[PDB]
Every structure is written in structure tokens, then in C-alpha cells.
There are 2 protein chains.
Amino acid sequence: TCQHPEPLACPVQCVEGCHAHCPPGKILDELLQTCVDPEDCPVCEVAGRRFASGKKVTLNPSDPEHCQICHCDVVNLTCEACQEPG
Amino acid sequence: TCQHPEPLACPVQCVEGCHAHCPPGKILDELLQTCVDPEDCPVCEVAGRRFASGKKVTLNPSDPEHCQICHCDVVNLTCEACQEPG
């Protein structure tokens with residue numbers, strides 16, 4: 001989905017219920033109930049690598065000197081500065 | 001003195017006691033009990049201006065961008081780098 005573009009660990013094979021079926025070239029987002037083209041997803045790709053659609057997590061806690069954080073809210077190709085402990 | 005080369009605010013005019021009197025061209029230091037020539041004082045003059053004999057104070061707290069600190073322990077013509085807050 002636009003919210004979960006990546007595949008997830010899938011404990012359940014399939015499930016009942018209402019399922020939005022529309023032709024390809026369109027990915028489902030729940031807020032705008034219909035399916036929509038992929039580009040309309042608020043998807044995030046900062047410094048190249050593939051990941052989720054801008055999860056709200058502060059990556060890289062481990063190393064202070066390598067504290068090179070890059071959040072993404074919806075679309076922004078931004079990177080934030082780390083506050084030094086010293 | 002070598003420790004207090006500058007004149008100080010002097011609440012008392014004069015005082016009793018033992019007083020080291022020796023000819024001029026020699027300034028008193030208390031550690032080496034006698035008076036000694038001025039150059040032997042661990043005196044400090046960093047970037048030109050006249051001040052004490054290297055007081056152990058971190059000058060210039062006010063402005064971060066102008067944080068241009070210059071300590072002097074005894075003799076060194078050194079200046080230390082300020083740690084940035086960002």
C-alpha cells in the first residue's frame with residue numbers, strides 16, 4: 001500500500017472480507033478509499049536505498065560519530081542534524 | 001609578582017610583616033622564595049594584549065559565533081577550539 005509499500009512478515013495467508021480490486025498500475029491507500037497510482041503515495045527514498053513510506057522512527061542510535069539521521073515525513077528528501085552530547 | 005603581575009584593587013594601603021626587598025630588575029615570586037628577573041615569570045600574552053600571568057579562566061562565554069578562546073597555562077601562546085552546540 002501507500003502506507004505499507006514493503007512486504008511484511010505475513011502470519012496469515014489470506015483473509016475474508018471486503019477487498020478493493022482494481023486494475024494494476026494502481027496501489028491502494030486507505031485514507032483515500034480507492035486505489036491510486038503509485039506516485040501519489042507519500043513514499044520516501046532518502047539517499048537511494050529502498051525502505052518504507054517514511055516511517056516516523058529515529059534510525060541509527062548506535063554510533064555517535066556516525067549519527068547521520070535522515071527522516072522522511074511524507075515526501076521530503078531531508079536529513080536532520082544530530083545533537084552532540086558534548 | 002610573577003603570579004599577579006597586574007595591579008589589583010588595593011583596599012589596604014600598606015601592611016606590616018616580612019617584606020622581600022631586593023634591587024630592581026627583579027620581581028618576586030613566592031614559590032621560589034627570592035625575587036627573580038621578570039622573564040622567569042610564567043607570564044602570558046596571547047594575541048598581543050596585556051593581561052595576567054595566564055589565569056585559569058575560560059574567557060568569552062557570551063557570543064557563540066565569536067567564541068575565540070585563548071587560554072594560557074604558564075607560557076604557551078595557544079588558543080583552544082570551541083565545541084559547537086549544534
# chains A, B, ... in the order shown; residues from 1 in each chain; ligands from 1
call {"tool": "select_by_dssp", "arguments": {"residues": "chain B", "states": "strand (DSSP E or B)", "output": "JSON, numbers by chain"}}
result
{"B": [27, 28, 35, 36]}
call {"tool": "interface_residues", "arguments": {"of": "chain B", "to": "chain A", "cutoff": "10 Å", "atoms": "only C-alpha atoms", "output": "list in words"}}
result
residues 83, 84, 85 and 86 of chain B
call {"tool": "atom_distance", "arguments": {"atom1": "CA of residue 3 (chain B)", "atom2": "CA of residue 66 (chain B)"}}
result
28.6 Å
call {"tool": "closest_residue", "arguments": {"among": "B:15, B:20, B:35, B:69", "to": "residue 57 (chain B)", "atoms": "only C-alpha atoms"}}
result
B:69
call {"tool": "residues_around", "arguments": {"residues": "residue 76 (chain B)", "least_positions_apart": "6", "cutoff": "10 Å", "atoms": "only C-alpha atoms", "output": "PyMOL selection string"}}
result
chain B and resi 42-46+54+70
call {"tool": "write_last_selection", "arguments": {"atoms": "N, CA, C and O atoms", "output": "compact mmCIF listing (two decimals), in the first residue's frame"}}
result
# COMPACT_ATOMS: atom_id res chain seq x y z
N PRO B 42 56.27 32.90 34.73
CA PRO B 42 55.41 32.28 33.71
C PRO B 42 54.29 33.23 33.31
O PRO B 42 53.14 33.08 33.72
N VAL B 43 54.65 34.21 32.50
CA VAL B 43 53.75 35.29 32.10
C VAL B 43 53.16 34.94 30.74
O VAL B 43 53.78 34.25 29.93
N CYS B 44 51.94 35.43 30.50
CA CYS B 44 51.18 35.10 29.30
C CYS B 44 50.73 36.36 28.58
O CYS B 44 50.20 37.28 29.21
N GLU B 45 50.96 36.40 27.27
CA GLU B 45 50.47 37.47 26.40
C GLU B 45 50.08 36.81 25.08
O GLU B 45 50.92 36.65 24.19
N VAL B 46 48.81 36.43 24.95
CA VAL B 46 48.30 35.76 23.76
C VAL B 46 47.58 36.77 22.89
O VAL B 46 46.71 37.51 23.36
N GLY B 54 48.48 34.28 32.76
CA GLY B 54 47.77 33.07 32.38
C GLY B 54 46.80 32.60 33.43
O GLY B 54 46.98 31.52 34.01
N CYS B 70 41.29 31.73 24.16
CA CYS B 70 42.74 31.60 24.20
C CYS B 70 43.16 31.53 25.67
O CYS B 70 43.32 32.56 26.32
call {"tool": "atom_distance", "arguments": {"atom1": "CA of residue 48 (chain A)", "atom2": "CA of residue 60 (chain A)"}}
result
16.5 Å
call {"tool": "closest_residue", "arguments": {"among": "B:74, B:79, B:33, B:2", "to": "residue 19 (chain B)", "atoms": "only C-alpha atoms"}}
result
B:33
call {"tool": "residues_around", "arguments": {"residues": "residue 6 (chain A)", "least_positions_apart": "3", "cutoff": "9 Å", "atoms": "only C-alpha atoms", "output": "PyMOL selection string"}}
result
chain A and resi 1+3+50-53
call {"tool": "write_last_selection", "arguments": {"atoms": "N, CA and C atoms", "output": "PDB file, in the first residue's frame"}}
result
ATOM      1  N   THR A   1       0.847  -1.182   0.000  1.00  0.00           N
ATOM      2  CA  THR A   1       0.000   0.000   0.000  1.00  0.00           C
ATOM      3  C   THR A   1       0.884   1.235   0.000  1.00  0.00           C
ATOM      4  N   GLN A   3       0.820   3.225   2.418  1.00  0.00           N
ATOM      5  CA  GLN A   3       1.252   3.263   3.808  1.00  0.00           C
ATOM      6  C   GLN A   3       2.234   2.154   4.131  1.00  0.00           C
ATOM      7  N   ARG A  50      16.032   1.541  -0.668  1.00  0.00           N
ATOM      8  CA  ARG A  50      14.607   1.251  -0.605  1.00  0.00           C
ATOM      9  C   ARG A  50      14.197   0.981   0.837  1.00  0.00           C
ATOM     10  N   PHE A  51      13.138   1.649   1.283  1.00  0.00           N
ATOM     11  CA  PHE A  51      12.567   1.398   2.600  1.00  0.00           C
ATOM     12  C   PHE A  51      11.097   1.800   2.566  1.00  0.00           C
ATOM     13  N   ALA A  52      10.485   1.888   3.744  1.00  0.00           N
ATOM     14  CA  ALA A  52       9.062   2.151   3.854  1.00  0.00           C
ATOM     15  C   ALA A  52       8.741   3.578   3.406  1.00  0.00           C
ATOM     16  N   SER A  53       7.462   3.933   3.503  1.00  0.00           N
ATOM     17  CA  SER A  53       6.975   5.239   3.066  1.00  0.00           C
ATOM     18  C   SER A  53       7.142   6.277   4.177  1.00  0.00           C
TER      19      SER A  53
END
call {"tool": "atom_distance", "arguments": {"atom1": "CA of residue 80 (chain A)", "atom2": "CA of residue 49 (chain A)"}}
result
17.1 Å
call {"tool": "closest_residue", "arguments": {"among": "B:25, B:32, B:71, B:65", "to": "residue 47 (chain B)", "atoms": "only C-alpha atoms"}}
result
B:71
